[PDB]
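Each reported figure results from applying straightforward, stated rules to the coordinates on display, with no laboratory input. Here the Cβ is made from the backbone with ideal geometry for all residues, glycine too, and neighbour counts use every protein chain on show.
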Amino acid sequence: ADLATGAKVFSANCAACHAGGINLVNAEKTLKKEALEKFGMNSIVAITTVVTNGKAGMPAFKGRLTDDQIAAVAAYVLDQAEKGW
Ligand code: HEC
C-alpha cells in the first residue's frame, strides 16, 4: 500500500526462499494465510517485526531494508496471502 515498492522488495529479498505460491524448501512454510494465522503473524505489525528482527534463524532485514521498505513488503505479503498467491 505501497504495494508497488512491496512487490519489488519481495522479488529482490524474499522470493529467493518464498517464491511462487509454495516455498522451495517447504509446504506450510509458504506464506499462506492459514499458516500465518496459526502464530498470529497475519498483521502488518507482526510481519514488520519478524522481517525487521526476525526470528528462530529467519534472517533479519534491519540492515539491508529501510523501515518504509519493510512496511511495504509486509503489505504485499498480506495482500498476496489474502488473494491466495
Ligand atoms: C531464506 C534465506 C529466507 C529469506 C530470504 C526470507 N525468508 Fe521468510 N522465512 C524463511 C524460513 C525458513 C521461514 C520459516 C518457514 C516458513 O517459510 O514459514 C520463514 C518464515 C517467514 C514468515 C512467517 C514467520 C512466522 O513466524 O511463522 C514470514 C511472514 C516471512 N518468512 C516473510 C519473509 C519476507 C517478507 C521476506 C523478505 C523480506 C523473507 N521472509 C525472506 C526463510 C526466508
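By its C-alpha gyration tensor, with a ≥ b ≥ c as the square roots of the eigenvalues, how is segment 1-63 shaped: rounded for a/c under 1.5, else prolate for a/b larger than b/c, else oblate? Because its axes are fairly even, with a/c under 1.5, segment 1-63 counts as rounded.
Distances between placed amide hydrogens fall under 5 Å for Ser43 paired with no residue 5 or more residues away or on another chain.
Count charges around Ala81 for me, please; just the other residues with Cβ under 15 Å from its Cβ, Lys/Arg as +1, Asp/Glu as -1.
Local charge sum for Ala81: 0.
Our coupling estimate for segment 77-82, obtained by passing each phi through the Karplus curve with A = 6.51, B = -1.76, C = 1.60 and θ = phi - 60°, is 4, 5, 5, 5, 5, 5 Hz, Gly and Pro reported as x. By the count of neighbouring beta-carbon atoms within 10 Å, fewest first, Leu24, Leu3, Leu36 end up ordered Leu24, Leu3, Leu36. Among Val50, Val9, the ranking by other beta carbons within 10 Å of each residue's beta carbon, starting with the fewest, stands as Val50, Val9.
Give, in nm to one decimal, the length gained when the segment between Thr66 and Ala4 is fully stretched (0.36 nm per residue of separation minus the Cα-Cα distance).
20.8 nm
Among the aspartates and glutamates, which have Cα under 19 Å from the Cα of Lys38 when same-chain residues fewer than 8 positions away are ignored? The qualifying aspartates and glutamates are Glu28, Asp79, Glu82. Our estimate of slack between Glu82 and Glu28, defined as 0.36 nm per intervening residue step minus the Cα-Cα distance, is 17.9 nm. Cross-link partners for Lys32 among the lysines, with Cα-Cα distance under 22 Å and sequence neighbours closer than 8 places in the same chain left out: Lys8, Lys55, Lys83.
Mean separation of Cα pairs under 8 Å and 6 or more residues apart, divided by the residue count, gives the chain a relative contact order of 42 percent.
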